[PDB]
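S.K.: Provided herewith is a single structure, encoded as structure tokens, for subsequent inquiry.
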Amino acid sequence: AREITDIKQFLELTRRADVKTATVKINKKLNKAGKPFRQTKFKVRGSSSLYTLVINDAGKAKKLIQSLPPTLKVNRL
Amino acid sequence: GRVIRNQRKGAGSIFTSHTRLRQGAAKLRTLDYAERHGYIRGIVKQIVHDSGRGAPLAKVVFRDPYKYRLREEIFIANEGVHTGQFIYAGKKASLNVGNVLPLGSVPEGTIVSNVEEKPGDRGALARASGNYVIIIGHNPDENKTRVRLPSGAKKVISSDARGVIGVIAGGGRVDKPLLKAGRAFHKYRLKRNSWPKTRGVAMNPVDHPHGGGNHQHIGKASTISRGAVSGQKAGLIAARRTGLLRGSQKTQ
Amino acid sequence: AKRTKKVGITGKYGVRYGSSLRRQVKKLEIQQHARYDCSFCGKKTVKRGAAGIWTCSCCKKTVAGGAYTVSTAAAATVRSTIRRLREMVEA
Amino acid sequence: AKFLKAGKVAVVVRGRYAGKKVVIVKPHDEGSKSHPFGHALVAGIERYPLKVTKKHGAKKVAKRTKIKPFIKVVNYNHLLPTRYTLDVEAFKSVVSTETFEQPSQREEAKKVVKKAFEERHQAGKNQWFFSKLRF
Amino acid sequence: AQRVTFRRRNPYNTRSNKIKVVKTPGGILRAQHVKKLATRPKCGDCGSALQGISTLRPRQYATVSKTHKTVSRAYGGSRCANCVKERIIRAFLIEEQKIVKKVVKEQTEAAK
RNA sequence: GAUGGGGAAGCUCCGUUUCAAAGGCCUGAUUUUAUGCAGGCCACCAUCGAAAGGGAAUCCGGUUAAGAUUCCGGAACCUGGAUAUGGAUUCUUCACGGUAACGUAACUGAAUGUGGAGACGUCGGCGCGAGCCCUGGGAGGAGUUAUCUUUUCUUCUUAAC
RNA sequence: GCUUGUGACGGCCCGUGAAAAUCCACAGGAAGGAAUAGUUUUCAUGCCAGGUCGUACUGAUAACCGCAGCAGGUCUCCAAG
RNA sequence: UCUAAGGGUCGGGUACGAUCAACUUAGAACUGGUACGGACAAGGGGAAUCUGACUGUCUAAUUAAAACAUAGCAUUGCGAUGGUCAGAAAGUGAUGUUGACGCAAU
Ligand SMILES: [Mg+2]
Ligand SMILES: [Mg+2]
Ligand SMILES: [Mg+2]
Ligand SMILES: [Mg+2]
Ligand SMILES: [Mg+2]
Ligand SMILES: [Mg+2]
Ligand SMILES: [Mg+2]
Ligand SMILES: [Mg+2]
Ligand SMILES: [Mg+2]
Ligand SMILES: [Mg+2]
Ligand SMILES: [Mg+2]
Ligand SMILES: [Mg+2]
Ligand SMILES: [Mg+2]
Ligand SMILES: [Mg+2]
Ligand SMILES: [Mg+2]
Ligand SMILES: [Mg+2]
Ligand SMILES: [Mg+2]
Ligand SMILES: [Mg+2]
Ligand SMILES: [Mg+2]
Ligand SMILES: [Mg+2]
Ligand SMILES: [Mg+2]
Ligand SMILES: [Mg+2]
Ligand SMILES: [Mg+2]
Ligand SMILES: [Mg+2]
Ligand SMILES: [Mg+2]
Ligand SMILES: [Mg+2]
Ligand SMILES: [Mg+2]
Ligand SMILES: [Mg+2]
Ligand SMILES: [Mg+2]
Ligand SMILES: [Mg+2]
Ligand SMILES: [Mg+2]
Ligand SMILES: [Mg+2]
Ligand SMILES: [Mg+2]
Ligand SMILES: [Mg+2]
Ligand SMILES: [Mg+2]
Ligand SMILES: [Mg+2]
Ligand SMILES: [Mg+2]
Ligand SMILES: [Mg+2]
Ligand SMILES: [Mg+2]
Ligand SMILES: [Mg+2]
Ligand SMILES: [Mg+2]
Ligand SMILES: [Mg+2]
Ligand SMILES: [Mg+2]
Ligand SMILES: [Mg+2]
Ligand SMILES: [Mg+2]
Ligand SMILES: [Mg+2]
Ligand SMILES: [Mg+2]
Ligand SMILES: [Mg+2]
Ligand SMILES: [Mg+2]
Ligand SMILES: [Mg+2]
Ligand SMILES: [Zn+2]
């Protein structure tokens, strides 16, 4: 139900006790008017809400993805 | 022979009153200490239409002398009493429109409404849109006051009996021709099942003392005795005279 | 463009009911629908709201009064008499 | 007089502090560059001393008599000028223009006026000024 | 073209059976029932819909923080501010005139 | 339509808050112990009566030979109950800010009182929303092509929350 | 444009067009509550639970009522060029 | 097949320009076996007499009328310890959440 943007505030969620699952979705999308790029949504399934963090930047993405809790059960795509 | 129409009304079935929409029964305050030793103030918090009544009602609220809270009475609004106006009720109350005083405390010629027959009966006389009673005089020893009702009837009552100064609003409602069946219809739709009326003369003999005949006609005198019996009384009951009232009326 | 010789508002009723009945009604309708002067705030913004109930556009005061007019002649002469009589009992 | 001067009591008549009583301590009778209106800087009483009685003893008395003050810049068209009047010398300095702007300044200010108002309540000076206006 | 059906059993157009059409991610029209509208709470004093106060159906007010049910000042969620201004003034003046009628008739009792 | 009642030979009739000693809650008092009494209220006095009136809260996709707002999947929400962690608040104890209308993530509140909502006709034009209808471009699939038509048809959707 | 929803208005009345459960708010301030550490679940997040009965289909020139698979009767929503 | 009239949006120191999008109406030519609201859709009119004013009502299943009702007009009863009406009775009931600008009865 909820969307998120503070990339630290998100990081805190990913370790918020009741969070067993997560999912990473990748989408082709366009930019301004010309070229395309690679959108990527970070979805933490809370017990009461499903949080999703859009990272527009492909670079920010990759480095974020590694930081994902090494105990967290993430579904890729 | 069938039971005739006026008899059927007594058993109250389709004939009862159409009561759902009505604001409440209108009554003066209960006759407590304050109202018969001093006065007590209220405020008309709203004047408002009562369904099937022709005069507006006035919701007027007071304090409970005995408990912390408001108690709201329902009054019949006299003419020219207005929202937010202060309302005074009591023996020792003042003589303006809207207030309510024992008839003992008002000079002759006072004009008052919703007047009690007995004290603390919370209003009985002159309540219909327009009417009032007039004080024609008092008699201090064995205390009474005499009034002339809307009927014209003189009648004397206890001077402790309360009245409210003024006449009742909505005067002249009966001046405007109803004009079409519908208005009468909607009129009674909020009173009772009294309309429209079949003439007994249009019915059969089972139906009425006026029923039958090969031409429509009453057949015998239609002045019926006081001592007549149920199912007999149709027409001009107890009538002591009859016909076009030639001449001025007005109680001598 | 004067619209009718004489029936005024009574036009709705067309030819029905008969002149006299309509005359009488026109009188009292013209009374009730009319807009009146407010005794309290001074603006003429009192229109009627059901038989007997006269209330004010702005300032929202409601005065009980005549069935189709704000002040009925009867109540008027009462007002004066209550004046008169009250006079006596303070002086 | 130009009756909105140094020590007038007045009742705030809008916004939170509505119905509460104040003292004028400084009057900007004409404008600010901001505050484009005649306006007073007042110290008022936000949470009055509750009543106290013989039944009240020792500490409960100490408790009942605590006062929550307040200070405010306010348009003249929000005070009822009152016939009453109380002295404002203890906190002339305390309630400044410069006292508003930057919160900590306002907090220390109220601290004084809190101690200022409570001294004044014991030995019932201005007794009226210490009783909620009811409405 | 595409038509639609009620979703509850009640077939009739009563206030509590308002409908509203809607396109789904299936790409088809379907009814959806629409609860009767909130009405704004009213200043129980002058009567106006009173400002600053969110507007729900009554039970739904228990599902909302108090800052949706008041404005700050005294008689907050209750009366219309301008209404309170009146309250304040009238109270003050009357309480004062109270005193003026005291010492005036207090003078009389001694001057007669 | 039961009840204290009143009629009636009786089946029963009347009455519904009415000539009635009509009841139950908040917690304190217990640290013999579970719940006696201590306050203080509240005198509202059965109940039945709406599958169209009032009314806490759910949606979209998928699935069956026959069920689906009920299963599956996903995402919500309400009510009762428990409860801790974070935040807020406090040395000026019970939030600040804004002249003000008012703001907010919070920001103690018993009895008692009061206010709102629930909650309300009908017709008329005006204004706006939604869905439908009409239509340009492009991206597809279809039909007609002796002849003519950058064509004719169709797909291009987005729930509650 | 069509249908529906809604708003600010206006016309009408001797017609002025339910009730109750229920939810909230306010006035009140009984009480209770901190500096060696208090108060706070109307902010957020977190934990458990939600019973009973109905849910098929017809709703009509054949599933209902008219002796019947009767040209009759029988409340309603959606509505293309 | 032509013509004229009726609109929207922008920038102008403190007269005009630019484009976008609507069927309404009136006029003018041409044109045909004089037809053209081409199907569908869709009032006969007039002069009087009788009778009920009107809209409304009824004999389901032989009478829809001039019959009933109606507004309007007039008469009667009644101030509650009451009028009129209900019940076998009654600490019973309708009008009555009522009060003569009312209720009841012709
Ligand atoms: Mg009744
Ligand atoms: Mg009838
Ligand atoms: Mg008759
Ligand atoms: Mg008749
Ligand atoms: Mg006959
Ligand atoms: Mg006879
Ligand atoms: Mg006979
Ligand atoms: Mg006969
Ligand atoms: Mg005859
Ligand atoms: Mg407070
Ligand atoms: Mg299509
Ligand atoms: Mg269904
Ligand atoms: Mg409707
Ligand atoms: Mg808000
Ligand atoms: Mg608010
Ligand atoms: Mg019984
Ligand atoms: Mg029930
Ligand atoms: Mg129901
Ligand atoms: Mg229902
Ligand atoms: Mg489905
Ligand atoms: Mg199955
Ligand atoms: Mg099915
Ligand atoms: Mg599921
Ligand atoms: Mg789930
Ligand atoms: Mg909960
Ligand atoms: Mg804060
Ligand atoms: Mg209430
Ligand atoms: Mg209400
Ligand atoms: Mg309703
Ligand atoms: Mg929903
Ligand atoms: Mg329709
Ligand atoms: Mg209205
Ligand atoms: Mg509310
Ligand atoms: Mg105590
Ligand atoms: Mg919560
Ligand atoms: Mg249970
Ligand atoms: Mg089904
Ligand atoms: Mg079938
Ligand atoms: Mg058949
Ligand atoms: Mg043009
Ligand atoms: Mg010409
Ligand atoms: Mg006829
Ligand atoms: Mg006819
Ligand atoms: Mg027949
Ligand atoms: Mg027969
Ligand atoms: Mg006919
Ligand atoms: Mg026939
Ligand atoms: Mg006739
Ligand atoms: Mg005649
Ligand atoms: Mg008896
Ligand atoms: Zn006025």
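No value in this document is a laboratory result; all are computed from the given coordinates. Neighbour counts run over all protein chains shown; Cβ positions are idealised from the backbone, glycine included.
S.K.: Would you mind computing, in nm to one decimal, how far apart the modelled labels at B:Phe86 and A:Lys28 are, each placed 7 Å from Cα along Cα→Cβ?
M.R.: Result: 8.5 nm between the two label points.
S.K.: Then there is this: Mind checking the dipole of chain E: about its Cα centre, +1 per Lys or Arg Cβ, -1 per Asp or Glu Cβ, Debye to the nearest 20?
M.R.: Details: 27 positive and 6 negative charges, 217 e Å.
That gives a dipole near 1040 debye.
S.K.: Related question: Let me check I have the definition right: for the range C:44-91, take the eigenvalues of the Cα gyration tensor, multiply each by 5, take square roots. What are those semi-axes in whole Å, largest first? Don't skip to the answer; put the middle values down first.
M.R.: On the way: eigenvalues 147, 34, 10 Å².
Ellipsoid semi-axes (Å, largest first): 27, 13, 7.
S.K.: Also: Mind running the shape call on the range B:186-250? Use the C-alpha gyration tensor, a ≥ b ≥ c as the square roots of the eigenvalues: rounded below 1.5 for a/c, prolate if a/b tops b/c, oblate otherwise. It would help to have the intermediate numbers written out before the result.
M.R.: Working: a/c = 1.63, a/b = 1.06, b/c = 1.54.
The shape class here is oblate.
S.K.: Return the sequence-ordered ³J(HN,Hα) values of the range A:2-12 in whole Hz as given by the Karplus equation 6.51 cos²θ - 1.76 cosθ + 1.60 applied to θ = phi - 60°, using x for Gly and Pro.
M.R.: The phi angles translate into 10, 9, 9, 9, 6, 5, 7, 3, 5, 3, 5 Hz.
S.K.: Within straight cross-link reach of D:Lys68, meaning Cα distance under 14 Å, which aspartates and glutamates are found once same-chain residues fewer than 8 apart are removed?
M.R.: Within the straight-line limit of under 14 Å, D:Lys68 reaches these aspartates and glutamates: D:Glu46, D:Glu107, D:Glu108, D:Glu118, D:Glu119.
S.K.: Between the range B:27-49 and the range E:7-60, how far is it from one alpha carbon centroid to the other, in angstrom?
M.R.: Taking the Cα centre of the range E:7-60 as reference, the centre of the range B:27-49 is 42 Å away.
S.K.: Longer than 26 Å from Cα to Cα, which of D:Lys20/D:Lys110; B:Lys9/B:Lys59; B:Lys27/B:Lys92; B:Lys191/E:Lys18 are they? Say none if no pair is. If you can, show how the numbers build up before the last one.
M.R.: Numbers: D:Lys20/D:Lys110 16 Å; B:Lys9/B:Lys59 33 Å; B:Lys27/B:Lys92 20 Å; B:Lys191/E:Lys18 35 Å.
Listed pairs above 26 Å: B:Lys9/B:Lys59; B:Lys191/E:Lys18.
S.K.: Considering the Cα positions of the range B:106-252, please state its Rg to one decimal place and its Dmax as a whole number of Å.
M.R.: Considering the range B:106-252 through its Cα atoms, Rg and Dmax are 21.1, 66 Å.
S.K.: Longest span of chain B, sites excluded, free of GluC sites (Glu not before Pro) in DSSP loop with at most 14 other C-beta atoms within 10 Å? Walk me through the numbers before you get to the answer.
M.R.: Values: sites that count: B:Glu108, B:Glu117, B:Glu142.
The reported range is B:143-252.
S.K.: Sorted from largest down, what three extents in whole angstroms do the Cα atoms of chain B have along their principal axes?
M.R.: For chain B, the Cα spread along each principal axis is 71, 42, 33 Å.
S.K.: Here is a follow-up. For the range B:39-53, what does the Karplus curve 6.51 cos²θ - 1.76 cosθ + 1.60, with θ = phi - 60°, yield as ³J(HN,Hα) per residue in whole Hz, taken in order and with x for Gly and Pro?
M.R.: 9, 8, 8, x, 9, 5, 9, 3, 10, 7, 7, 9, 4, x, 10
S.K.: Right, here's the next one. By count of other Cβ within 10 Å, fewest leading, how are B:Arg20, B:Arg162, E:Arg73 ordered?
M.R.: Details: B:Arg20 7, B:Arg162 30, E:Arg73 18.
Ranking B:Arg20, B:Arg162, E:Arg73 by Cβ neighbours within 10 Å, fewest first, gives B:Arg20, E:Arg73, B:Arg162.
S.K.: Moving to a separate point now. Ordered by residue, what ³J(HN,Hα) values in Hz, to whole numbers, does the range D:35-43 give under the Karplus form 6.51 cos²θ - 1.76 cosθ + 1.60, where θ = phi - 60° and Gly and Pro are x?
M.R.: My calculation for the range D:35-43 gives 3, x, 6, x, 7, 10, 9, 10, 10 Hz in order.
S.K.: Give the cross-link partners of A:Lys8 among the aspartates and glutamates, using a straight C-alpha distance below 19 Å as the criterion and excluding same-chain residues fewer than 8 apart.
M.R.: The reachable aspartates and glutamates, counting only those whose Cα sits under 19 Å from A:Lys8, are A:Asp18, A:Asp57.
S.K.: How much mean residue ellipticity at 222 nm does chain C get from its helices, if each DSSP H run of length 4 or more adds -39500 (n - 2.57) and you divide by all residues, to the nearest 500 deg cm²/dmol? Can you show the working numbers first?
M.R.: Details: 2 runs with 31 residues, N = 91.
When only DSSP H runs of four or more count, the value is -11000 deg cm²/dmol.
S.K.: Further, regarding this structure: Test of understanding: in a Gaussian network model of chain B with alpha carbons linked when under 10 Å, which of B:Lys197, B:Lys59, B:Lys187 would top the mean-square fluctuation ranking?
M.R.: B:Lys197
S.K.: Summing -39500 (n - 2.57) over the DSSP H runs of n ≥ 4 in chain B and dividing by its residue number, what mean residue ellipticity at 222 nm do you reach, to the nearest 500 deg cm²/dmol?
M.R.: It comes out at -1000 deg cm²/dmol, rounded to the nearest 500.
S.K.: Kindly identify the range C:1-63 as rounded, prolate or oblate by the Cα gyration tensor criterion: order the square roots of the eigenvalues as a ≥ b ≥ c, call it rounded if a/c is under 1.5, otherwise compare a/b with b/c, prolate if a/b is larger, else oblate. It would help to have the intermediate numbers written out before the result.
M.R.: On the way: a/c = 3.77, a/b = 2.24, b/c = 1.68.
Note, shape of the range C:1-63 comes out prolate.
S.K.: So how do B:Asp32, B:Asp141 line up by other beta-carbon neighbours within 10 Å, fewest first? Each step should come with its number before you reach the end.
M.R.: On the way: B:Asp32 15, B:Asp141 5.
The fewest-first ordering by Cβ neighbours comes to B:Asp141, B:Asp32.
S.K.: Taking amide H atoms as placed 1.01 Å from N in the peptide plane, list the residues 5 or more away in sequence, or in a different chain, whose amide H sits under 5 Å from that of B:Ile87.
M.R.: B:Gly42, B:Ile43, B:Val44
S.K.: Relative contact order of chain B: what whole-number percent is it, with Cα pairs under 8 angstrom and at least 6 residues apart? Walk me through the intermediate numbers first.
M.R.: Numbers: 510 pairs, mean separation 43.8, N = 252.
It comes to 17 percent, rounded to a whole number.
S.K.: I've got another one for you. Could you give log10 I(q)/I(0) at q = 0.21 Å⁻¹ for the range D:1-120, computed by the Debye formula over C-alpha point scatterers of equal weight, without solvent?
M.R.: Log10 I(q)/I(0), no solvent term: -1.20.
S.K.: If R0 is 35 Å, what FRET efficiency do you get for B:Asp175 and B:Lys27 from their C-beta distance, rounded to 0.05? Write down the numbers at each step before the final one.
M.R.: Working: r = 29 Å, r/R0 = 0.82.
Given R0 = 35 Å and the Cβ-Cβ separation, E is 0.75.
S.K.: If each residue's Cβ is checked for other Cβ atoms within 10 Å, how do D:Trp128, C:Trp54 rank with the fewest at the top?
M.R.: Numbers: D:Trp128 12, C:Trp54 26.
Ranked by crowding around the Cβ, least crowded first: D:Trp128, C:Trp54.
S.K.: While we're here: Does the protein assembly as shown classify as rounded, prolate or oblate by the C-alpha gyration tensor (a ≥ b ≥ c root eigenvalues; a/c under 1.5 gives rounded; else a/b over b/c gives prolate, otherwise oblate)? Kindly include the intermediate steps, with their values, before the conclusion.
M.R.: Values: a/c = 2.70, a/b = 1.41, b/c = 1.91.
Oblate, because a/c is 1.5 or more while a/b does not exceed b/c.
S.K.: Okay, moving on. Per residue of chain E, what 222 nm ellipticity follows from adding -39500 (n - 2.57) for every DSSP H run with n ≥ 4, rounded to the nearest 500? Spell out each step's value before the answer.
M.R.: On the way: 1 runs with 29 residues, N = 112.
Theoretical 222 nm ellipticity from helices: -9500 deg cm²/dmol.
S.K.: Give the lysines whose C-alpha is closer than 20 Å to that of C:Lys5, dropping any in the same chain fewer than 8 places away, or say none.
M.R.: The reachable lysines, counting only those whose Cα sits under 20 Å from C:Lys5, are C:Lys26, C:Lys27.
S.K.: So, one more: Going 7 Å from the Cα of D:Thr97 toward and past its Cβ, which residues in the range D:12-44 have a backbone nitrogen under 14 Å from where you end up?
M.R.: Only D:26-41 fall inside the zone, counting backbone N under 14 Å.
S.K.: Let me ask another. For the pairs D:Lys63/E:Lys66; D:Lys72/E:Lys85; D:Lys21/D:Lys66; D:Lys125/E:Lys102; A:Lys29/A:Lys73; E:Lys42/E:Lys85, note any where the Cα-Cα span goes beyond 20 Å. Mind dumping the intermediate values first?
M.R.: Values: D:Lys63/E:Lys66 28 Å; D:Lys72/E:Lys85 18 Å; D:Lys21/D:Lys66 16 Å; D:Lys125/E:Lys102 22 Å; A:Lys29/A:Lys73 27 Å; E:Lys42/E:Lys85 17 Å.
Too far apart for the 20 Å limit: D:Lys63/E:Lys66; D:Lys125/E:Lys102; A:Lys29/A:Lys73.
S.K.: If r is the Cβ-Cβ distance from A:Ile65 to E:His33 and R0 is 60 Å, what FRET efficiency results, to the nearest 0.05?
M.R.: Numbers: r = 43 Å, r/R0 = 0.72.
For A:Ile65 and E:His33, the calculated efficiency is 0.90.
S.K.: Tell me which residues come under 5 Å, amide H to amide H, from D:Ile71 once H is placed; ignore anything under 5 positions away on its chain.
M.R.: Answer set, sorted by chain and number: D:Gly44.
S.K.: Here's another thing I want to ask about it. Top mean-square fluctuation among E:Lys101, E:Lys66, E:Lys36, Gaussian network model of chain E, C-alpha springs under 10 Å?
M.R.: With Cα springs under 10 Å in chain E, the top fluctuation among E:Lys101, E:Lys66, E:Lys36 is at E:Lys101.
S.K.: Also, quick follow-up: For D:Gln105 and E:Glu96, what does the FRET efficiency come to when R0 = 41 Å and r is the distance between their Cβ atoms, rounded to the nearest 0.05? Numbers along the way, then the final one.
M.R.: Values: r = 36 Å, r/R0 = 0.87.
Here the calculated transfer efficiency is 0.70.
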